2 protein chains.
Amino acid sequence: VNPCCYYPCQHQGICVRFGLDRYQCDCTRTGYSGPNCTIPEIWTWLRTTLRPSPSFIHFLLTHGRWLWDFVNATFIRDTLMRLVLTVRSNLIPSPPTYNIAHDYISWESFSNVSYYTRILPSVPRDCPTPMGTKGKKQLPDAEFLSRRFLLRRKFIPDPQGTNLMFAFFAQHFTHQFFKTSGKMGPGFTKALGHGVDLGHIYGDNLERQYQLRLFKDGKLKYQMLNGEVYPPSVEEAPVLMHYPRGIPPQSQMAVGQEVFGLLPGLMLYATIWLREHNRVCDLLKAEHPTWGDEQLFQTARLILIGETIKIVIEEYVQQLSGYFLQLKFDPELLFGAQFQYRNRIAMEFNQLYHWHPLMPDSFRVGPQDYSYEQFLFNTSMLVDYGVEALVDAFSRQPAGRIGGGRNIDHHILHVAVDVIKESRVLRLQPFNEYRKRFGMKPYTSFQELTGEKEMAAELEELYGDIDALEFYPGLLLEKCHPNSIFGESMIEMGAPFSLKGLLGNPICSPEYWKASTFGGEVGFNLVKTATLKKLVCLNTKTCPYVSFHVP
Amino acid sequence: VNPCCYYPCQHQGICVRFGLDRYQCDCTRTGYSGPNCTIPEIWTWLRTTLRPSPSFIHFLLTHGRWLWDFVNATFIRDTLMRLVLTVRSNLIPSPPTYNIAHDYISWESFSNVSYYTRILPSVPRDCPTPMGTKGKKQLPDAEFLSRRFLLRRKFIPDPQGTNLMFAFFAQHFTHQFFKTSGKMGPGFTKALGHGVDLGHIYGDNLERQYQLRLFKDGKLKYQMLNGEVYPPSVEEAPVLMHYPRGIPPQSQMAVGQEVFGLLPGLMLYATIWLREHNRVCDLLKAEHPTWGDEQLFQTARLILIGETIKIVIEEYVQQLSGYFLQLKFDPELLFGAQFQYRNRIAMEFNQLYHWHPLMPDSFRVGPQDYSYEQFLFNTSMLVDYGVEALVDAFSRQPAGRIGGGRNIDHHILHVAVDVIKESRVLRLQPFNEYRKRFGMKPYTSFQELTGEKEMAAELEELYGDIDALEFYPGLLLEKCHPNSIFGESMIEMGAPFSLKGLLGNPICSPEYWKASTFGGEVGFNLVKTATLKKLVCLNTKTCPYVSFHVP
Ligand code: HEM
Ligand code: HEM
Ligand SMILES: *[C@@H]1O[C@H](CO)[C@@H](O[C@@H]2O[C@H](CO)[C@@H](O)[C@H](O)[C@H]2NC(C)=O)[C@H](O)[C@H]1NC(C)=O
Ligand SMILES: *[C@@H]1O[C@H](CO)[C@@H](O[C@@H]2O[C@H](CO)[C@@H](O)[C@H](O)[C@H]2NC(C)=O)[C@H](O)[C@H]1NC(C)=O
Ligand SMILES: COc1ccc2c(c1)c(CC(=O)O)c(C)n2C(=O)c1ccc(I)cc1
Ligand SMILES: COc1ccc2c(c1)c(CC(=O)O)c(C)n2C(=O)c1ccc(I)cc1
Ligand SMILES: *[C@@H]1O[C@H](CO)[C@@H](O)[C@H](O)[C@H]1NC(C)=O
Ligand SMILES: *[C@@H]1O[C@H](CO)[C@@H](O)[C@H](O)[C@H]1NC(C)=O
Ligand SMILES: *[C@@H]1O[C@H](CO)[C@@H](O)[C@H](O)[C@H]1NC(C)=O
Ligand SMILES: *[C@@H]1O[C@H](CO)[C@@H](O)[C@H](O)[C@H]1NC(C)=O
């Protein structure tokens with residue numbers, strides 16, 4: 001049997017096969033020696049024997065508001081954050097390593113950008129069981145597993161105060177670096193860019209950007225409806241969109257991310273940003289009468305990536321954490337560090353991120369309470385209500401907890417079924433292996449993963465071994481931290497990928513982080529002071545309650 | 001007039017335009033302050049007031065063989081080299097900055113890999129003269145300039161001992177990262193990869209690699225002629241090659257770099273490497289009976305990139321330098337440094353590298369002395385003579401000096417004409433600006449550039465200003481160092497680009513520099529001990545005189 005199915009090599013050592021029955025662990029620079037990379041170095045030993053658990057830290061960071069307030073006002077705020085940035089990032093390899101096709105380093109992996117990368121090679125196709133050595137020869141029926149432990153029975157709202165404004169923000173921003181090529185199969189992405197390139201606004205390819213572009217003042221095309229600015233129609237900007245058969249071009253808004261037409265929340269955010277891009281164009285032209293379309297356009301886009309990167313950080317990543325420590329977005333905290341300004345979307349990440357539980361049972365817009373069947377392909381709700389109305393609405397309605405179990409609405413429960421299935425095609429390694437990869441202790445029993453006995457008992461008879469518990473389920477069934485939206489794994493695997501992904505954009509490099517990159521101090525400050533409220537309000541007649549937190 | 005035409009901003013500060021008549025220099029992190037980035041910081045001041053000229057250093061490194069011998073045996077060899085690596089590299093920006101289309105940072109520049117990048121933005125299209133502010137409104141006729149100062153009158157052999165073996169090696173290796181898209185125009189490359197990806201062996205695209213591949217044991221296809229292994233025929237591997245009309249497929253060797261069929265030297269090296277790739281496949285399979293085609297193939301290619309990177313360094317870059325200091329290729333000297341494992345071929349580099357003077361007057365193969373007209377599209381010379389014969393020949397025949405003037409053979413003198421012309425389309429800045437970019441003092445007169453009065457006097461009446469002397473001519477007409485192949489500029493602009501280009505390949509990163517990346521200690525050592533002699537000799541029945549130095 002393939003010796004590597006035993007996952008012999010610890011601490012990131014690489015299991016290389018040799019001969020017909022041998023294997024060797026490459027423990028290069030792992031901090032351990034030995035046949036399985038298990039004997040630590042004196043420093044490695046200390047470093048780990050002194051690492052306070054995730055739980056202990058997430059305690060501190062969510063406690064002592066008073067003590068934090070002070071720290072937040074001292075330099076220690078940068079000091080910490082920096083550490084977060086560095087430490088958090090080491091967990092993610094760069095340049096990238098494996099892909100659906102190669103469980104080894106290779107020029108093709110490194111250069112063929114159509115593949116999502118992956119942190120742990122697949123479960124060798126020649127192992128006894130699907131997960132390697134443990135568990136059953138057959139894995140739990142995805143469908144069943146989904147109805148038993150993920151089907152929302154009673155809506156559990158997210159304790160932290162997260163609302164649909166954040167929910168939809170989550171979706172939007174993620175679908176700019178998550179874009180699986182249905183034509184190529186799992187493992188393949190259409191979002192070459194692998195990151196915050198804002199391609200969900202400008203298009204994932206030149207042709208499409210040129211379609212969406214006004215080619216005047218750096219402006220993006222658009223249309224006026226009710227005296228308000230909205231994305232142009234597919235008639236004006238003949239771009240490919242995914243609208244159900246039967247809808248005319250004149251009723252479809254062209255936007256960049258073909259999929260965005262199937263949900264007002266999505267098309268709401270697409271409108272705020274289009275508005276914002278054209279707004280910045282004006283600020284620029286005023287300053288640089290000499291510039292042309294391209295430069296106004298290119299510089300506009302760099303300012304928006306910056307805006308996006310900031311909010312995504314100080315307002316978006318702040319909400320999730322639950323932390324008191326003011327997360328600062330400052331590319332300079334990394335200038336002294338050894339960091340690689342490069343990123344590549346991992347498949348392990350496309351899954352981890354699949355937060356479908358967040359969606360509510362119905363969508364309340366004032367006295368009106370719309371059903372999924374009334375929300376889903378509603379070409380009229382946005383123009384009808386207008387930005388402000390929806391922004392206030394989503395900002396007020398709570399979104400559901402993400403971790404815990406049984407909280408995904410039946411309407412989209414199929415998506416979770418597909419996720420689990422794709423996971424298997426991708427041949428992802430077991431959840432417990434992931435725990436270790438990201439520096440955590442693997443679970444010893446189902447009752448420790450879930451904080452109980454009922455589900456644990458059944459997961460046990462389904463999986464057989466805790467060491468056979470799959471990634472996604474293990475991510476959504478594990479116990480939540482105190483009054484959290486989710487827990488440990490999500491937060492200890494989910495952050496690295498999600499931080500290295502941001503601070504690794506080329507604009508955060510010393511080479512690009514210059515006022516001139518943004519057209520001068522004005523563009524630069526736009527970036528430096530971006531904010532959710534400013535983003536909405538500077539682009540709307542009135543300024544509604546706008547937050548990632550429910551009032 | 002465009003204020004930026006005056007190249008106002010010093011020390012890499014960025015000239016941003018404002019209003020109709022203003023401009024601002026972005027001196028961010030330049031080490032200088034002031035409206036033009038001219039007032040240094042105390043440290044910057046010291047750092048430069050104490051920098052011994054290029055000339056003084058190139059003196060030391062080419063002198064004191066005895067003192068060097070010792071140093072070379074101490075740790076100081078690494079110590080220095082490391083410094084070379086770091087220092088040399090800072091000169092080159094990463095991530096990349098401008099391109100033919102954008103004289104500003106931009107997402108498109110950063111992501112559209114079809115463009116060659118450039119270190120200095122173009123000469124604004126709205127400047128008084130072609131070079132900005134100085135010189136004449138009309139530039140010297142390329143053709144004339146070429147016949148007057150570059151046309152080889154009497155063959156000047158390269159003083160250092162460089163031979164055609166090195167010459168052809170130079171060509172081969174460079175045409176893997178220099179591959180201008182004739183269909184797209186100047187500024188565009190077909191070599192996405194921008195570096196040592198060995199695509200001149202495997203193809204610049206998947207389709208073509210699959211054509212060249214045996215799909216057995218990781219082997220590359222091939223054919224036996226005279227009991228010897230040679231690249232397959234276009235009949236066997238239906239791949240696109242550039243052979244003159246009238247030559248049948250059965251007489252064309254398919255190789256990866258379409259252009260390689262027009263010169264035995266080129267097809268000589270293509271044969272040595274094909275041989276080498278298949279040789280390593282065997283070493284691998286033996287070790288890993290369990291592996292398949294892909295993995296043998298992928299791992300083979302990583303071993304060859306490594307081989308290539310080493311020889312290119314310790315034998316190739318050693319020859320050019322002329323240095324006594326043993327250049328060590330060790331990716332680890334950089335593990336402590338802040339380095340970006342990323343590269344992008346600059347247009348400024350495609351030019352700089354255009355060493356056509358190297359080609360001799362005739363090609364001597366034993367008693368036989370072939371003319372260009374007998375060498376150029378000679379489909380039979382390689383199979384006729386075989387690897388060894390040619391390798392001995394080229395290793396024995398000296399190549400001509402590269403710097404100095406009037407040493408390019410008439411047969412290819414057109415290429416220099418085109419270079420100068422392309423330079424102008426690309427709107428490259430003046431040579432003197434380049435001097436400064438790469439930390440050198442700009443020339444004050446033509447007589448200082450050339451080491452004399454005759455050519456200097458005429459270049460002067462042609463250009464008008466030394467500050468209008470173009471890049472390429474300035475690179476090939478400047479005075480050579482003592483008994484050198486070329487001088488200062490070439491060596492102070494030509495190395496950075498050429499070092500950062502190597503040490504920046506992903507395999508040099510801590511992430512990939514592991515014995516497992518190469519299939520174990522065996523592949524790893526193959527890399528670690530690669531050598532020109534081993535490369536040829538382990539792939540030939542007999543081992544001829546093989547060197548980059550003439551006997
Ligand atoms: C109205 C509620 C929502 C619906 C209708 C929905 C539906 C879907 C569907 C259809 C898939 C693709 C897999 C398949 O079923 O074939 C998917 C993928 C995705 N969704 Fe949602 N989703 C919703 C909200 C969100 C939210 C709030 C997030 C959080 C960011 C999210 C994250 C994802 C991710 C990460 C993907 C993977 C993208 C890719 O594979 O390219 N979705 N969603
Ligand atoms: C038999 C002698 C040689 C011939 C026939 C030759 C010819 C050419 C020609 C035709 C061009 C393209 C520009 C044009 O004229 O349209 C060129 C480009 C090139 N050659 Fe050579 N060359 C020779 C040797 C070499 C050598 C020894 C080097 C040194 C590496 C070299 C370096 C270059 C470079 C850098 C390019 C640019 C590649 C690109 O634009 O994609 N060539 N050469
Ligand atoms: C990136 O890798 C994918 C997968 O190898 C390549 O796609 C396949 O390429 C081969 C040869 O062109 C075809 O036979 C397959 O049908 C292709 N598609 C799929 C979905 O496998 C793709 O060509 C590579 N892209 C680049 C730019 O190298
Ligand atoms: C990279 O940039 C080049 C130049 O912009 C793009 O090529 C041009 O693209 C437009 C739109 O497709 C065409 O009208 C031109 O004819 C294209 N060719 C040239 C030579 O200009 C190219 O499409 C870009 N590539 C990517 C992958 O973005
Ligand atoms: C320390 O608490 C947290 C909590 C959440 C955090 C982080 C830290 C960090 C980094 C940091 O700021 O620590 C990021 C990137 N997070 C995310 O937003 C995230 C993204 C995707 C997924 I799925 C899960 C979480
Ligand atoms: C110090 O002397 C030298 C002389 C030549 C050197 C170098 C150093 C370095 C780096 C280093 O080893 O210093 C490289 C990369 N060189 C080149 O081979 C080179 C490449 C292209 C061109 I056009 C010109 C030179
Ligand atoms: C290495 O791991 C294998 C597989 O778990 C195990 O059988 C072997 O005993 C281990 N060797 C050591 C020294 O831990
Ligand atoms: C779309 O939303 C509007 C509210 O703006 C509602 O009146 C309309 O009925 C919805 N359309 C569908 C098909 O549910
Ligand atoms: C800046 O450079 C411009 C153009 O060379 C020059 O006219 C001006 O005097 C300079 N200003 C200073 C303070 O050097
Ligand atoms: C090609 O080279 C051979 C020497 O191997 C020579 O005899 C032959 O004439 C050459 N062909 C041409 C067309 O010059």
# chains A, B, ... in the order shown; residues from 1 in each chain; ligands from 1
$ residues_near_ligand --ligand "ligand 7" --cutoff "9 Å" --atoms "only C-alpha atoms and all ligand atoms" --output "list in words"
residues 3, 4, 6, 7, 8, 9, 10, 34, 35, 36, 37 and 38 of chain A
$ write_last_selection --atoms "C-alpha atoms" --output "PDB file, in the first residue's frame"
ATOM      1  CA  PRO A   3       3.214   4.364   2.369  1.00  0.00           C
ATOM      2  CA  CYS A   4       2.271   7.942   1.833  1.00  0.00           C
ATOM      3  CA  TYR A   6      -0.247   6.833   6.113  1.00  0.00           C
ATOM      4  CA  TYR A   7       0.620  10.532   5.911  1.00  0.00           C
ATOM      5  CA  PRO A   8       3.944   9.560   7.489  1.00  0.00           C
ATOM      6  CA  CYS A   9       5.783  12.940   7.350  1.00  0.00           C
ATOM      7  CA  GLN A  10       4.976  15.440  10.097  1.00  0.00           C
ATOM      8  CA  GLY A  34      14.006  12.113  11.850  1.00  0.00           C
ATOM      9  CA  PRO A  35      12.396   9.673   9.353  1.00  0.00           C
ATOM     10  CA  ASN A  36       9.023  11.411   9.837  1.00  0.00           C
ATOM     11  CA  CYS A  37      10.120  14.971  10.693  1.00  0.00           C
ATOM     12  CA  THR A  38       9.208  14.486  14.332  1.00  0.00           C
TER      13      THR A  38
END
$ residues_around --residues "range 336-348 of chain A" --least-positions-apart "5" --cutoff "8 Å" --atoms "only C-alpha atoms" --output "ChimeraX atom specification"
/A:86,94-96,116-119,177-178,187,193-195,428,497,500-501,503-506,508-509 /B:95,337-341
$ write_last_selection --atoms "N, CA, C and O atoms" --output "CSV table (one decimal), in the first residue's frame"
chain,number,residue,atom,x,y,z
A,86,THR,N,2.8,38.8,9.7
A,86,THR,CA,3.9,37.9,9.4
A,86,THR,C,3.6,36.5,9.7
A,86,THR,O,3.7,35.6,8.8
A,94,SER,N,4.7,30.3,-0.8
A,94,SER,CA,4.8,31.1,-2.0
A,94,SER,C,6.3,31.1,-2.3
A,94,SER,O,7.1,31.1,-1.5
A,95,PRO,N,6.6,30.8,-3.6
A,95,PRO,CA,5.5,30.6,-4.6
A,95,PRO,C,4.7,29.3,-4.3
A,95,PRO,O,5.1,28.5,-3.5
A,96,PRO,N,3.5,29.2,-4.9
A,96,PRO,CA,2.6,28.1,-4.7
A,96,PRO,C,3.2,26.8,-5.0
A,96,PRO,O,4.2,26.8,-5.6
A,116,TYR,N,-6.3,26.2,-9.4
A,116,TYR,CA,-6.4,26.8,-8.0
A,116,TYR,C,-5.2,25.9,-7.5
A,116,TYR,O,-5.0,24.8,-7.9
A,117,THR,N,-4.6,26.4,-6.5
A,117,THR,CA,-3.4,25.7,-5.9
A,117,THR,C,-4.1,25.0,-4.8
A,117,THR,O,-5.3,25.0,-4.6
A,118,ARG,N,-3.3,24.2,-4.0
A,118,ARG,CA,-3.8,23.5,-2.8
A,118,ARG,C,-2.6,23.4,-1.9
A,118,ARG,O,-1.4,23.3,-2.3
A,119,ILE,N,-2.8,23.4,-0.6
A,119,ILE,CA,-1.8,23.4,0.5
A,119,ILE,C,-1.3,22.0,0.8
A,119,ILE,O,-0.2,21.8,1.3
A,177,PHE,N,-12.3,36.4,-6.8
A,177,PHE,CA,-11.2,35.5,-6.7
A,177,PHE,C,-11.6,34.0,-6.5
A,177,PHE,O,-10.8,33.2,-6.1
A,178,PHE,N,-12.9,33.7,-6.7
A,178,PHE,CA,-13.4,32.4,-6.6
A,178,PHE,C,-14.3,32.4,-7.9
A,178,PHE,O,-15.3,33.2,-8.0
A,187,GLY,N,-11.1,22.5,-9.8
A,187,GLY,CA,-9.7,22.7,-9.8
A,187,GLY,C,-9.2,23.8,-10.7
A,187,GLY,O,-8.1,24.3,-10.5
A,193,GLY,N,-5.5,36.0,-11.7
A,193,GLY,CA,-5.5,37.3,-11.0
A,193,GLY,C,-5.4,36.8,-9.6
A,193,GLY,O,-4.6,37.3,-8.8
A,194,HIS,N,-6.1,35.8,-9.3
A,194,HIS,CA,-6.1,35.1,-8.0
A,194,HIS,C,-6.0,36.1,-6.8
A,194,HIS,O,-5.2,35.9,-5.9
A,195,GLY,N,-6.9,37.0,-6.8
A,195,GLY,CA,-6.9,38.0,-5.7
A,195,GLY,C,-7.7,39.2,-5.9
A,195,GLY,O,-8.5,39.3,-6.8
A,428,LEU,N,-9.5,15.9,-1.5
A,428,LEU,CA,-8.9,16.7,-0.3
A,428,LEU,C,-8.6,15.8,0.8
A,428,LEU,O,-9.2,14.7,1.0
A,497,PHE,N,-4.8,32.1,4.6
A,497,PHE,CA,-5.2,32.3,3.3
A,497,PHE,C,-5.8,33.7,3.1
A,497,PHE,O,-5.2,34.4,2.4
A,500,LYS,N,-2.7,36.7,3.8
A,500,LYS,CA,-1.6,36.6,2.8
A,500,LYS,C,-2.2,37.0,1.5
A,500,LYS,O,-1.6,37.6,0.6
A,501,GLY,N,-3.5,36.7,1.3
A,501,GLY,CA,-4.2,37.1,0.1
A,501,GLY,C,-4.3,38.5,-0.2
A,501,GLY,O,-4.3,39.0,-1.3
A,503,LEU,N,-2.5,41.4,1.9
A,503,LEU,CA,-1.2,42.1,2.0
A,503,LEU,C,-0.2,41.6,0.9
A,503,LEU,O,0.8,42.3,0.7
A,504,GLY,N,-0.5,40.6,0.1
A,504,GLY,CA,0.3,40.1,-0.9
A,504,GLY,C,0.0,40.7,-2.3
A,504,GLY,O,0.6,40.2,-3.3
A,505,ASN,N,-0.9,41.6,-2.4
A,505,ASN,CA,-1.3,42.2,-3.7
A,505,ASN,C,-0.1,43.0,-4.1
A,505,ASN,O,0.6,43.6,-3.2
A,506,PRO,N,0.2,43.2,-5.4
A,506,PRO,CA,1.4,44.1,-5.8
A,506,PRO,C,1.3,45.5,-5.3
A,506,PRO,O,2.3,46.0,-4.9
A,508,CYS,N,0.7,46.5,-2.4
A,508,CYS,CA,1.2,46.7,-1.1
A,508,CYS,C,2.7,46.6,-1.0
A,508,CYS,O,3.2,46.7,0.1
A,509,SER,N,3.3,46.4,-2.1
A,509,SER,CA,4.8,46.3,-2.1
A,509,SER,C,5.4,47.7,-2.0
A,509,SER,O,4.8,48.7,-2.5
B,95,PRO,N,7.4,44.1,-7.6
B,95,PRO,CA,6.9,43.8,-8.9
B,95,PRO,C,7.2,44.8,-10.0
B,95,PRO,O,7.6,45.9,-9.6
B,337,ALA,N,17.9,37.4,3.1
B,337,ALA,CA,17.6,38.6,2.5
B,337,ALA,C,16.1,38.9,2.2
B,337,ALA,O,15.3,37.9,2.2
B,338,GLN,N,15.8,40.1,1.9
B,338,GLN,CA,14.4,40.4,1.5
B,338,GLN,C,14.6,40.4,-0.1
B,338,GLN,O,15.2,41.3,-0.6
B,339,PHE,N,14.0,39.3,-0.7
B,339,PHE,CA,14.1,39.2,-2.1
B,339,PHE,C,12.8,38.7,-2.6
B,339,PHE,O,12.0,38.1,-1.9
B,340,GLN,N,12.4,39.0,-3.9
B,340,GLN,CA,11.1,38.7,-4.5
B,340,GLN,C,11.3,37.6,-5.5
B,340,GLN,O,11.9,38.0,-6.6
B,341,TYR,N,10.9,36.4,-5.3
B,341,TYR,CA,11.2,35.4,-6.3
B,341,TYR,C,10.2,35.6,-7.4
B,341,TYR,O,9.3,34.8,-7.6
$ closest_atom_pairs --of "chain B" --to "chain A" --cutoff "6 Å" --atoms "only C-alpha atoms" --output "tab-separated table"
residue	atom	partner	partner_atom	distance
B:18	CA	A:288	CA	5.0
B:19	CA	A:288	CA	5.3
B:26	CA	A:516	CA	5.9
B:105	CA	A:517	CA	5.9
B:106	CA	A:298	CA	5.7
B:288	CA	A:18	CA	5.0
B:289	CA	A:19	CA	5.7
B:298	CA	A:106	CA	5.7
B:338	CA	A:338	CA	5.0
B:340	CA	A:340	CA	5.8
B:516	CA	A:26	CA	5.9
B:517	CA	A:105	CA	5.9
$ residues_around --residues "residue 530 in chain B" --least-positions-apart "5" --cutoff "12 Å" --atoms "only C-alpha atoms" --output "list in words"
residues 276, 303, 304, 305, 306, 307, 308, 309, 310, 311, 312, 313, 314, 315, 329, 522, 523, 524, 525, 535, 536, 537 and 538 of chain B
$ write_last_selection --atoms "C-alpha atoms" --output "PDB file, in the first residue's frame"
ATOM      1  CA  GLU B 276      20.355  15.496 -21.120  1.00  0.00           C
ATOM      2  CA  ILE B 303      16.510  19.437 -12.668  1.00  0.00           C
ATOM      3  CA  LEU B 304      17.455  20.948 -16.022  1.00  0.00           C
ATOM      4  CA  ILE B 305      16.353  24.443 -14.949  1.00  0.00           C
ATOM      5  CA  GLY B 306      18.610  23.974 -12.017  1.00  0.00           C
ATOM      6  CA  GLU B 307      21.482  22.744 -14.182  1.00  0.00           C
ATOM      7  CA  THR B 308      20.994  25.614 -16.511  1.00  0.00           C
ATOM      8  CA  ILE B 309      20.785  28.187 -13.736  1.00  0.00           C
ATOM      9  CA  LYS B 310      24.103  26.892 -12.282  1.00  0.00           C
ATOM     10  CA  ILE B 311      26.248  26.707 -15.434  1.00  0.00           C
ATOM     11  CA  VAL B 312      24.713  29.956 -16.612  1.00  0.00           C
ATOM     12  CA  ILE B 313      26.183  31.306 -13.399  1.00  0.00           C
ATOM     13  CA  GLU B 314      29.474  29.686 -12.399  1.00  0.00           C
ATOM     14  CA  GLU B 315      30.803  29.180 -15.908  1.00  0.00           C
ATOM     15  CA  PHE B 329      25.370  29.569  -7.247  1.00  0.00           C
ATOM     16  CA  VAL B 522      20.162  12.460  -6.909  1.00  0.00           C
ATOM     17  CA  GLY B 523      18.227  15.089  -8.836  1.00  0.00           C
ATOM     18  CA  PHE B 524      19.336  17.607  -6.256  1.00  0.00           C
ATOM     19  CA  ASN B 525      23.009  16.888  -6.768  1.00  0.00           C
ATOM     20  CA  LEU B 535      26.579  18.415 -19.790  1.00  0.00           C
ATOM     21  CA  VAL B 536      28.337  17.655 -23.043  1.00  0.00           C
ATOM     22  CA  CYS B 537      30.408  14.659 -22.163  1.00  0.00           C
ATOM     23  CA  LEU B 538      27.846  12.583 -20.303  1.00  0.00           C
TER      24      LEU B 538
END
$ atom_distance --atom1 "CA of residue 392 in chain A" --atom2 "CA of residue 259 in chain A"
23.9 Å
$ residues_near_ligand --ligand "ligand 10" --cutoff "6 Å" --atoms "only C-alpha atoms and all ligand atoms" --output "PDB file with C-alpha atoms, in the first residue's frame"
ATOM      1  CA  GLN B 374      27.197  27.674 -45.952  1.00  0.00           C
ATOM      2  CA  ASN B 378      22.399  24.103 -43.020  1.00  0.00           C
ATOM      3  CA  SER B 380      22.958  18.729 -42.615  1.00  0.00           C
ATOM      4  CA  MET B 381      26.073  20.017 -40.839  1.00  0.00           C
ATOM      5  CA  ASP B 384      27.191  15.129 -40.627  1.00  0.00           C
TER       6      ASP B 384
END
$ select_by_dssp --residues "range 84-206 of chain A" --states "alpha helix (DSSP H)" --output "ChimeraX atom specification"
/A:84-90,107-111,142-149,164-174,199-202,206
$ closest_residue --among "B:171, B:45, B:114, B:542" --to "residue 183 in chain B" --atoms "only C-alpha atoms"
B:114
$ residues_around --residues "range 246-256 of chain A" --least-positions-apart "5" --cutoff "6 Å" --atoms "only C-alpha atoms" --output "mmCIF file with C-alpha atoms, in the first residue's frame"
data_model
loop_
_atom_site.group_PDB
_atom_site.id
_atom_site.type_symbol
_atom_site.label_atom_id
_atom_site.label_comp_id
_atom_site.auth_asym_id
_atom_site.auth_seq_id
_atom_site.Cartn_x
_atom_site.Cartn_y
_atom_site.Cartn_z
ATOM 1 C CA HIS A 200 -15.639 41.494 -10.594
ATOM 2 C CA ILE A 201 -16.017 45.200 -11.453
ATOM 3 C CA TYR A 202 -13.906 45.548 -14.607
ATOM 4 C CA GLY A 203 -14.132 42.031 -16.059
ATOM 5 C CA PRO A 231 -24.754 49.691 -14.482
ATOM 6 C CA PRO A 232 -25.379 49.884 -18.234
ATOM 7 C CA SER A 233 -27.651 47.473 -20.042
ATOM 8 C CA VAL A 234 -26.409 44.482 -21.936
ATOM 9 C CA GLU A 235 -27.712 46.437 -24.973
#
$ closest_residue --among "B:274, B:156, B:83, B:440" --to "residue 407 in chain B" --atoms "only C-alpha atoms"
B:156
